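>>> Chains from the complex, first installment, not repositioned:
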Amino acid sequence: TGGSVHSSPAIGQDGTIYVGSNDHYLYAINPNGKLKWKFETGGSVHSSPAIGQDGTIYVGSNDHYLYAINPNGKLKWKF
């Protein structure tokens, strides 16, 4: 990533590692180490991601939003 990784990673049901970074991005890493996708937020992502029962990825950000991102990397909603 392009910033300090304070956030703690979470693993999906297929092995995908989700973690946020201080570079504002939420990363989705494949189990082989190759990047799946990255989602940009308005602030550093100190918050640790969490995965729901349907594979959605929930994480907060320093930009005051709680982001909900689909496993394809597209934004579902944000509070």
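Noted; the coordinates are in hand. Numbering: from 1, shown residues only, chains lettered A, B, ... in the order given.
>>> Which residue, other than its chain neighbours, is closest to residue A:45?
residue A:20 (2.7 Å; Cβ to Cβ, 6 or more residues apart in numbering). Heads up, the C-betas are built off the backbone N, CA and C, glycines and all.
>>> Measure how buried that neighbour is and give me the count.
31 (other Cβ atoms under 10 Å).
>>> Any idea what it is bridged to?
With DSSP bridges applied, residue A:20 shows beta-bridge pairing to residue A:26.
>>> contacting residues for it?
Residue A:20 makes contacts with A:5, A:7, A:26-27, A:41, A:44-49, A:59, A:61, as judged by Cβ atoms under 8 Å, 6 or more residues apart in numbering.
>>> From residue A:73, how far out is residue A:33?
From residue A:33 across to residue A:73, the span is 17 Å (Cβ to Cβ, to the nearest Å).
>>> and then chain B:
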Amino acid sequence: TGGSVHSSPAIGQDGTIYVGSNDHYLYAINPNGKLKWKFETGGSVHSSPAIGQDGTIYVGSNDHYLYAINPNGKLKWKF
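Below is chain B, added to the chains above:
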């Protein structure tokens, strides 16, 4: 929310996303992105919520308390 989301979200058995915020509130978000309820504490909620076997939501706060909130948003107790 009205503050940086440092706290990390937790998902209940029905999909409800629980996360604290630096605006002193503990938020309960529905899986569709609409707010269920919010509980106000005396300080920023850096602590990440946790869900017990009965659906209770446990989270700490900068106000020195460990809050226990019922899934309806009403305070159970606080230590």
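>>> since we added chain B, can you redo the neighbour count of residue A:20?
For residue A:20, the tally of surrounding residues (other Cβ atoms under 10 Å in any protein chain shown) stands at 32.
>>> Please, where are all the helices along chain A?
Taking DSSP state H, chain A contains no helices at all.
>>> What is the neighbour count of the nearest residue in space to residue A:8 that is not next to it in sequence?
Spatially, and ignoring its direct neighbours in sequence, residue A:8 is nearest to residue A:48 (4.0 Å; Cβ to Cβ, 6 or more residues apart in numbering or on different chains). Residue A:48: 21 surrounding residues under other Cβ under 10 Å.
>>> Is residue A:48 in contact with residue A:5, as I believe?
No. Proximity of residue A:48 to residue A:5 does not meet the contact threshold set by Cβ atoms under 8 Å, at 10.6 Å.
>>> Name the residues contacting each of these two.
Residues touching both residue A:48 and residue A:5 by Cβ atoms under 8 Å, 6 or more residues apart in numbering or on different chains: A:19-20.
>>> next one is chain C, place it on the structure:
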Amino acid sequence: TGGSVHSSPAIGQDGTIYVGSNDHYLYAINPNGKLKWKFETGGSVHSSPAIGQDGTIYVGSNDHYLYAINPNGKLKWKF
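Putting chain C together with the chains above:
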């Protein structure tokens, strides 16, 4: 507690809520809100506790140690 609760709580198999505090203590709270025990460490407990398969409680502390505490509140070991 006597300090900001930055650490995130963990729930044991019987409902006991374990969380650290900035007052150096690791707290064990009963599901009814009454204190079970508290274990003193040499520094603030920002680290979030974790429970092993045998009910042990693992948590770090600002005093550089990784504490292992038995569910009765007595120290097992510390690294």
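>>> Check the neighbour count of residue A:48 one more time with chain C there.
Residues within reach of residue A:48, counting by other Cβ under 10 Å, total 23.
>>> Looking at chain A, which residue is nearest chain B?
residue A:60 (2.6 Å; Cβ to the nearest Cβ).
>>> mind listing what the residue nearest to that residue when sequence neighbours are not counted touches?
Using Cβ to Cβ, 6+ apart and skipping residues adjacent in sequence, the residue nearest residue A:60 is residue B:5, 2.6 Å away. For residue B:5, the contacting residues are A:47, A:60-62, A:64-66, B:19-22, by Cβ under 8 Å, 6+ apart.
>>> Equivalent analysis for residue A:54, please.
With contacts defined as Cβ under 8 Å, 6+ apart, residue A:54 is in contact with B:15, B:31.
>>> measure it to residue C:35 for me?
For residue A:54 relative to residue C:35 (Cβ to Cβ), the value is 38 Å.
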